[PDB]
Amino acid sequence: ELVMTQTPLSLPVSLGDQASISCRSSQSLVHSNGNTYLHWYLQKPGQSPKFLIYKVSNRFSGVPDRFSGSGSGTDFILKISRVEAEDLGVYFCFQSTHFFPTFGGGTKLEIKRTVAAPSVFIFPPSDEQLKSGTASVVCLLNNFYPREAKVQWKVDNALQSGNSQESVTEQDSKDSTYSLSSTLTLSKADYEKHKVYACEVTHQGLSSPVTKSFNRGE
Amino acid sequence: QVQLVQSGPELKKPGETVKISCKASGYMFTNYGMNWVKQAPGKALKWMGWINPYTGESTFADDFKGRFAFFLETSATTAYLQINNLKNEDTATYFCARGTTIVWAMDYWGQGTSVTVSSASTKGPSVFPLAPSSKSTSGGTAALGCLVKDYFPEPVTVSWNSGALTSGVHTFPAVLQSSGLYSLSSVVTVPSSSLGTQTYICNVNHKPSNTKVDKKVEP
Ligand SMILES: C[C@]12CCC(=O)C[C@H]1CC[C@@H]1[C@@H]2CC[C@]2(C)C(=O)CC[C@@H]12
């Protein structure tokens, strides 16, 4: 049972910079037949993995020249030169020299880019939903960086605690930004007890927080 | 080109059996191995084993000896993975991947099949419109979407205008509520001028419950 140690777990890298992923085996990956069966895959968010590098240093078909592998014996590197937004994902080394083939734990390549402010939108409950007995209010923070963002819900100007849920996309593979939904879920009765609904957003991109709101039945 | 198309998502009670299929096309089926790979949610990739279509023999990794089997239907160029006596640890996405034996590597992979092992029955989502932020006659861009609420299990697939609308779409990761059910939103940004003329439909498909829905979203 050889172990494949892949470092680091996450690698932040700027656009156009070089990224280096190390993969280490507890025993030599040189097969007594002379070959070294060490390979690299990349799995982009949502997708199946894609073949990238075979036998240490050969690029699979269609793989750009900015990807190269090196190393011998027990120590291997994957270098991505001049990093591009599309390169985002989890990189896995994979050995098939020894029975049984194994993957490394993966390295999540993440892009650093300049701060970008969110665009903010609020959505009242649909009537279809109200007449089913519940009410969700949805606040969208679109296309921002970094990931850290604060969303506060105010209902008739009172701060809400623990009745909303956040969800964040993966980094966009074109502009490396994130988006985020915050959802406030109330029962229809509770929803109709109040008039003004607002999310306030705080973020590194905004010089001061941005509030989006609506008045129920607007 | 080489294509590996897997069957759809499955929900199964613990102790049941599941068979997953992987239809190959675009190459000589028997001349390449078929590898199966497990990926538990948030976790790394695990090689399960492979079957040799040329000799019909299977080999498994140590963790996969026993409850696991690989079958072939050579005339239909299809490979199968069967798991019996299902357990919670089996909840995962399963990939077939073609083995190019000339370098001992998997080269093309299937899109993955999600299997959920659970005592609970499926629950289809309700779909609600998230109505456009602005009116047609104002400037800049508008956001609109669909709330896909209270379903089990994952995955749900959301598209816009039957795949014809792709740019500016953000489909959020599903989140659990205290009810034990998932919800998510899909949103899209569009020129607000186009709200007057373009129509926007979200197509939601939750296969485990046989729910397909098309919701028109407008002001
Ligand atoms: C069994 C084996 C058969 C030939 C051999 O001696 C090495 C083993 C281990 C690696 C296997 C390989 C055949 C093809 C496999 C299964 C792949 O396609 C990926 C890993 C590969």
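As a basis for the values below, the full set of heavy atoms in this structure was taken, side chains included, without hydrogen atoms, waters or symmetry mates. So you know, we letter chains A, B, ... as the sequences are listed, proteins then strands, and number each from 1.
A 4.5 Å side-chain heavy-atom check between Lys19(B) and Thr17(B) finds every atom pair outside the cut-off. Side-chain contact between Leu29(A) and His98(A): present, with at least one pair of heavy atoms (C-beta onward) separated by less than 4.5 Å. Residues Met4(A) and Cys23(A) meet the side-chain proximity criterion, which asks for heavy atoms closer than 4.5 Å. Between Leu81(B) and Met48(B), the closest side-chain pair of non-hydrogen atoms falls below 4.5 Å. Between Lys50(A) and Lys44(A), the closest side-chain pair of non-hydrogen atoms is not below 4.5 Å. You'll find the side chain of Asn163(A) stays beyond 4.5 Å of the side chain of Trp153(A), heavy atoms only. Side-chain contact check for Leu184(A) versus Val155(A): some heavy-atom pair is nearer than 4.5 Å. Residues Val217(B) and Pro132(B) have side chains in contact (heavy-atom distance under 4.5 Å, counting atoms from C-beta outward).
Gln129(A) places no side-chain N or O within donor-acceptor distance of the main-chain N or O of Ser126(A), the cut-off being under 3.5 Å. Formation of a donor-acceptor pair under 3.5 Å by the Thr122(B) side chain with backbone atoms of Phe152(B) is found in this model. Listed for the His203(A) side chain is no donor-acceptor partner under 3.5 Å among the backbone atoms of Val151(A). For the pair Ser96(A) (side chain) and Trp104(B) (backbone), a donor-acceptor distance under 3.5 Å is present. When atom types are taken as modelled, the side chain of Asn58(A) and the backbone of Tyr54(A) share a donor-acceptor pair closer than 3.5 angstrom. Although no hydrogens or angles enter the test, the distance criterion places no donor-acceptor pair under 3.5 Å between the side chain of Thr36(A) and the main chain of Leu38(A). A distance-only check finds no donor-acceptor pair linking the side chain of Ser118(B) to the backbone of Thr116(B) [under 3.5 Å]. Between the side chain of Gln6(B) and the main chain of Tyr94(B), a donor-acceptor pair closer than 3.5 Å is present. At distances below 3.5 Å, not a single donor-acceptor pair connects side-chain atoms of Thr141(B) with backbone N or O atoms of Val190(B). Side chain of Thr77(B) to main chain of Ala24(B): a donor-acceptor pair is present (N/O by atom type, distance under 3.5 Å, no hydrogens or angles).
From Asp190(A), atom CG reaches atom OG1 of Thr185(A) across 11.5 Å, with rounding to the nearest 0.5 Å. Summarising the geometry, atom CG belonging to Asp150(B) is positioned 5.0 Å from atom NZ belonging to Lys123(B); distances are rounded to the nearest 0.5 Å. Of the inter-residue distances, the one linking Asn35(B) atom CG with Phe94(A) atom CZ reads 6.5 Å to the nearest 0.5 angstrom. Expressed to the nearest 0.5 Å, how far CD of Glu57(B) lies from CZ of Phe70(B) amounts to 13.0 Å. Summarising the geometry, atom OG1 belonging to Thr97(A) is positioned 6.0 Å from atom CD belonging to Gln95(A); distances are rounded to the nearest 0.5 Å. Distance check, rounded to the nearest 0.5 Å: OG of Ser181(A) to CD of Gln165(A) gives 9.0 Å.
For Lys150(A), the side chain to side chain donor-acceptor pair (under 3.5 Å) partners two or more places apart in sequence, or in a different chain, are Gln152(A).
Other residues, nucleotides and ligands contribute only 12 or fewer heavy atoms inside 6.0 Å of the NZ atom of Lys212(A). With a 6.0 Å radius and a threshold of 12 heavy atoms from other residues, nucleotides or ligands, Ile102(B) has its CD1 atom at or below the threshold. Dense packing is recorded around CD of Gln82(B), with more than 12 heavy atoms of other residues, nucleotides or ligands lying under 6.0 Å away.
Sequence neighbours left out, the pairs with a member in residues 33-117 of chain B that pass disulfide bond (SG atoms under 2.5 Å apart) are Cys22(B)-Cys96(B).
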task = With side chain to side chain contact (heavy atoms under 4.5 Å, CB included) as the test, would you mind laying out the steps for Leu186(A) and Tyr197(A) before giving the verdict?
result = CA-CA 12 Å; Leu186(A) 296 180; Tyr197(A) 286 84; 3.9 Å; yes
task = Give the C-alpha distance, both sets of side-chain angles, the deciding distance and a yes or no for salt bridge (charged side-chain N to carboxylate O under 4.0 Å, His left out) between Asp90(B) and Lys12(B).
result = CA-CA 10 Å; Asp90(B) 302 326; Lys12(B) 295 268 148 189; over 6 Å; no
key: Stepwise ring pair (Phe, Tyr, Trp, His ring centres under 6.0 Å) test for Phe68(B) and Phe60(B)   = CA-CA 8 Å; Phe68(B) 300 85; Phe60(B) 296 96; 7.4 Å; no
Ring pair (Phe, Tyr, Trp, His ring centres under 6.0 Å) between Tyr91(A) and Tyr41(A), intermediate numbers included = CA-CA 6 Å; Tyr91(A) 292 82; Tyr41(A) 297 88; over 10 Å; no
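Side-chain contact of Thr157(B) with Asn205(B): a donor-acceptor pair under 3.5 Å is absent, judged by distance alone. In this model, no donor atom of one side chain and acceptor atom of the other lie less than 3.5 Å apart for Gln111(B) and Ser48(A).
Under the 30°/60° scheme for interplanar angles, the aromatic rings of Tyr37(A) and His39(A) are found to stand perpendicular. In this structure, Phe144(A) and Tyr178(A) have tilted ring planes: the angle between them lies in the 30° to 60° band.
A cation-pi arrangement, defined by a distance under 6.0 Å to the six-membered ring centre and an angle within 45 degrees of its axis, is absent between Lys38(B) and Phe64(B).
Salt bridge annotation for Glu86(A)-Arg66(A): present, with a cationic side-chain nitrogen under 4.0 angstrom from a carboxylate oxygen.
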Return all side-chain donor-acceptor pairs below 3.5 angstrom for residues 103-119 of chain A, not counting sequence neighbours, or 'none' if the list is empty.
{"residue": "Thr107(A)", "atom": "OG1", "partner": "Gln6(A)", "partner atom": "NE2", "Å": "3.1"}
{"residue": "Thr107(A)", "atom": "OG1", "partner": "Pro8(A)", "partner atom": "O", "Å": "2.7"}
{"residue": "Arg113(A)", "atom": "NH1", "partner": "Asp175(A)", "partner atom": "O", "Å": "2.8"}

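In terms of heavy-atom proximity, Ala143(B) sits nearest to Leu140(A) at CB-CD2, 4.2 Å.
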